[PDB]
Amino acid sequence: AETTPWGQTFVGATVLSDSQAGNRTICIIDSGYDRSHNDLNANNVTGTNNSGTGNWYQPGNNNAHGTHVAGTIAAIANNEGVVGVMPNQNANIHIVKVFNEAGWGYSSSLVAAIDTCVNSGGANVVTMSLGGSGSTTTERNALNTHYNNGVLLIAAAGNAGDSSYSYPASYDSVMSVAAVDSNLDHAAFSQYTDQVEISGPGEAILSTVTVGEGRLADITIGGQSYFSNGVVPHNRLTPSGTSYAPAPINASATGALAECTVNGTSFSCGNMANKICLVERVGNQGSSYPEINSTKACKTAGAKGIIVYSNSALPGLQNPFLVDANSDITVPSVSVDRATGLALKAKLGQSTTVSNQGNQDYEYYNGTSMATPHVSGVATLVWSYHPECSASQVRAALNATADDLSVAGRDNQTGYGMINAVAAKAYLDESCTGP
């Protein structure tokens, strides 16, 4: 079975066709591409090795970021795993691996990596889910030159949760991409600046990861799965010295579904022994990490499994940090969006199996790095319908057709709004400058 992550549907990639994408080339400057992955192996992908990062097609260990980004752009349609913006093995993809497990390892600069994308890869679009706080004139000039030469540059705004400028995203020649969740709400971590130009799916984004390094979750009732609805395994963290470290609980639990009622700030769980405890999330991640509150309420009650659903404040699918100071959550717990949580209410009392599984080939990630490939992927797809238009014209089309979010007009949190593939295409259908 193949799943279509919410982000793919929201940006409109599923309704268009990448049949002509062979006329476009997108270069991914990131941590490599796991070419051995079943959802990525047969893509029209190439790369240019660098002495400092080994093989572009071998990310290495714990360096799956680039593979996740690539999956959002081109996970192959094949009845397994997921699908990317251009899933039919048409688009040309070029890989430039600048990051190793330890960090940046490219023998040269970002400018050099971009040069490689253009000169060696023939890139039309260069996507960069990375950045730094520094800026220079030489770099600004180099990227402006590439942009004016017809290369569309797109980069992540950053996840610092402040107004700081991250580069290359903050240069005028590059599209700064912000992250939003499945309810189109601004992601708390997404940096907000006057450079932020457009938004894309960036919270709880399911995609491909280096084989065996992923993790998934599931909820089953009546022999049917809620996987396609979006079930996120709790990103559990427990104390590890002077900090916190990942301590995932991968197991399955089965029992009658029961809900811990939320009244004000108090919980009414009753006896959850031998049951799968459904509970509404109290509070939200931002200045703090409250996931542990609703989760612990269930555990303390004796729950065998736990399902936390989004509250009205942030109804979209959330993938928050489950900070477990006392390591109390020793049972499998997951997160689902509000709509799914309310649907589960009608199944109360029925046998339910909740499960978290490790050693998977896919995983849910959060980040402006996840929003970026939705934007660059769509940019490439839309551009394939009108390859004669320039990068600046395509960029303008995306901005002009984005769905306005948050407060009316362009804002620092979401830019012009949510990218819209269908609308952008219709725009260029009239002409390279729109109607």
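Numbers for residues come from their place in the sequence shown, where the first is 1.
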{"item": "Higher-B stretch (mean Cα B-factor, as the entry records it), 348 to 356 or 138 to 146", "value": "348 to 356"}
{"item": "Between 294 to 302 and 183 to 191 (mean CA B-factor, as deposited), the higher", "value": "294 to 302"}
{"item": "Residue of maximum C-alpha B factor among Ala397, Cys27, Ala408, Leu40, per deposited coordinates", "value": "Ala408"}
{"item": "Among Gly255, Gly132, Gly214, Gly122 - the residue whose C-alpha B-factor is largest in the record", "value": "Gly255"}
{"item": "CA B-factor placement of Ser335, once the chain's modelled residues are sorted into thirds", "value": "middle"}
{"item": "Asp361 - which third its CA temperature factor falls in, relative to the rest of the chain", "value": "lowest"}
{"item": "Modelled-residue ranking by C-alpha temperature factor, third containing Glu80", "value": "middle"}
{"item": "Among modelled residues of the same chain, the CA temperature factor third for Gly283", "value": "highest"}
{"item": "CA B-factor placement of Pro168, once the chain's modelled residues are sorted into thirds", "value": "lowest"}
